[PDB]
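Below, chain A is the first sequence line, B the second, and so on; all start at residue 1.
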Amino acid sequence: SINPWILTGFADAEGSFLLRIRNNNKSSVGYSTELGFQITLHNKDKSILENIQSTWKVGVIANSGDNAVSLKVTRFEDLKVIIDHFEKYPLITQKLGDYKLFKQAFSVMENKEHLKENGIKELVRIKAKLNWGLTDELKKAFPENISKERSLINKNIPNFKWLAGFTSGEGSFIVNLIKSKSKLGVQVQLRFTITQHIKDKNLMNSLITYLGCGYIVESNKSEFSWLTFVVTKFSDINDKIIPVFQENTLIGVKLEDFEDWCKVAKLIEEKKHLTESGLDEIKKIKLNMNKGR
DNA sequence: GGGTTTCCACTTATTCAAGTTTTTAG
DNA sequence: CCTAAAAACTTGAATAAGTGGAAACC
Ligand SMILES: [Ca+2]
Ligand SMILES: [Ca+2]
């Protein structure tokens, strides 16, 4: 049974809402619809999706390609569990807007309005602002569509449990070995990073004040830009980052990465990272986590 | 029924995580 | 001199988001 707030944090990172508007000759109005919430992780973290399934008691798990496994909740009556959960523990990223559109589509389908032409039209208005919006085909079939085009979400971190769930999806624990002019010739630097699209810049900046450390770094690969929350000072890592995730446990394979990460921190704290024997020990831990776990 | 729901195999763009190297700080 | 901290990126795939086909409920 996973924590309810750890779940929303994880959903804020890996979850997504789906609204299908498909042409269907067998449908009276000519369009079939599907509404649901899904998560797609690497096969290594299939354990998470099975704990979420037991926690919610809804959804179906199926392989998504050769290296991924998904958990999709399309059973309409099951969506009441999704809605019930996200009302008590709401999302805080821009995905909350997707959820809000998700509820609107839900009410339209609950009243069976999606089986008449009017309901389909309102679904096209809802889907126009959801995720990547309307497809070229949909946009051509409904050229006279309009709507509010969604409002911007601006919330901040609720509690630590949400952070543990969000870090379990977007966090990264790195042991950076730097070719240094030190006696050993190798500096051991611990780095904790959270990466998120620039759409949630305000939430990313709040990490510094919320955690009392770190800095924001923007990057970009041509037309795409993202933000990274970085913590490299050991005192902040050993006194701020580590304690938070010890009391607020992570989930998935990243908990194993975080555990080896703390092992290296124990060596640094004892200053054994400056001994040739200690440096060799940290080099072995890095290989055990770069490959897996 | 057969219109509508539900589920499973599968595809695709990019937002992520993971990684290395060089420079400045103290 | 020397160790820590930050800078400044690069990389490719685990994501998010989506599509195709169809069994089978109610
Ligand atoms: Ca995400
Ligand atoms: Ca992840």
Side-chain angles (χ1 to χ4, degrees), chain A residues 11-17 19-25 27 29-43 45 59-70 72-79 93 95 98 109 112 114-115 127 130-133 135 137-138 167-173 175-178 180 184-200 213-215 217-220 222 224-237 252 254 257 268 271 273-274 286 289:
Chain A
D12 258 315
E14 309 297 12
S16 75
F17 299 93
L19 172 55
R20 310 192 69 182
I21 306 293
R22 325 171 66 182
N23 296 87
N24 197 325
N25 284 322
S27 296
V29 290
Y31 289 101
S32 298
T33 66
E34 187 173 3
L35 195 72
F37 168 90
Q38 56 175 333
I39 306 173
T40 305
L41 303 172
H42 184 275
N43 285 329
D45 272 321
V60 300
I61 301 179
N63 298 330
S64 185
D66 301 316
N67 288 329
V69 54
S70 66
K72 301 166 176 293
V73 186
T74 51
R75 179 84 63 174
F76 189 83
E77 273 287 322
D78 288 4
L79 299 183
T93 58
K95 199 175 307 302
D98 292 312
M109 299 180 64
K112 302 294 181 175
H114 69 289
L115 300 182
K127 177 139 185 300
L130 176 70
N131 299 321
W132 285 0
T135 66
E137 184 181 86
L138 236 26
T167 301
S168 299
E170 319 293 69
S172 189
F173 302 90
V175 179
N176 193 31
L177 300 185
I178 303 174
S180 177
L184 287 172
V186 174
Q187 176 190 355
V188 168
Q189 170 177 86
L190 292 189
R191 183 214 301 168
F192 169 75
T193 76
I194 302 181
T195 176
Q196 192 70 358
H197 187 269
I198 56 179
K199 68 173 63 179
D200 281 300
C213 64
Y215 43 95
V217 179
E218 175 183 340
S219 304
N220 40 259
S222 82
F224 312 110
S225 14
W226 60 94
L227 298 181
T228 312
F229 176 71
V230 185
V231 183
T232 54
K233 196 162 71 176
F234 183 84
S235 47
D236 291 327
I237 284 179
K254 198 175 303 300
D257 285 328
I268 316 294
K271 280 165 180 171
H273 72 283
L274 302 169
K286 184 183 184 304
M289 54 191 303

Any chance you could lay out the side chain to side chain donor-acceptor pair (under 3.5 Å) test for A:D12 and A:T93, step after step, and finish with the verdict? CA-CA 6 Å; A:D12 258 315; A:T93 58; 2.4 Å; yes
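For the pair A:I198 CD1 and B:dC16 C1', the computed distance is 13 Å after rounding to whole Å. Summarising the geometry, the separation between CD on A:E34 and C1' on C:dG20 is reported as 12 Å, rounded to the nearest angstrom. Between the CZ atom of A:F173 and the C1' atom of B:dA17 there is a distance of 12 Å, given to the nearest Å. Protein atom NZ of A:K72 is 11 Å distant from nucleotide atom P of B:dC8, rounded to whole Å. Taking atom CD of A:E77 as the reference point, atom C1' of B:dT4 lies 15 Å away to the nearest angstrom.
With hydrogens and angles disregarded, no donor-acceptor distance shorter than 3.5 Å links the side chain of A:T193 to the backbone of A:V230. A distance-only check finds no donor-acceptor pair linking the side chain of A:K127 to the backbone of A:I21 [under 3.5 Å].
An OP1 or OP2 oxygen of C:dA7 is reached within less than 4.0 angstrom by no side-chain nitrogen or oxygen of A:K233. Dashed line: the shortest gap from a side-chain N or O of A:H197 to OP1 or OP2 of C:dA16 is not under 4.0 Å. Between A:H273 and C:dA4 there is a side-chain N or O to OP1 or OP2 distance below 4.0 Å.
Residues satisfying the salt bridge (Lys or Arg N to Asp or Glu O under 4.0 Å) test with A:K233, not counting sequence neighbours, are A:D236.
Both A:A13 and A:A62 lie near DNA chain B, and the one whose nearest nucleotide falls closer to the 5' end is A:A62.
Atom-to-atom distance recorded for A:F192:CZ and A:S172:OG is 8.5 Å, nearest 0.5 angstrom.
Nucleotides B:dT12 and C:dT15 are separated by 12 Å at their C1' atoms, to the nearest Å.
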For DNA chain C, the dot-bracket pattern of Watson-Crick and G-U pairs whose distances stay under 3.5 Å, | for other-strand partners: .||||||||||||..|.|||||||||
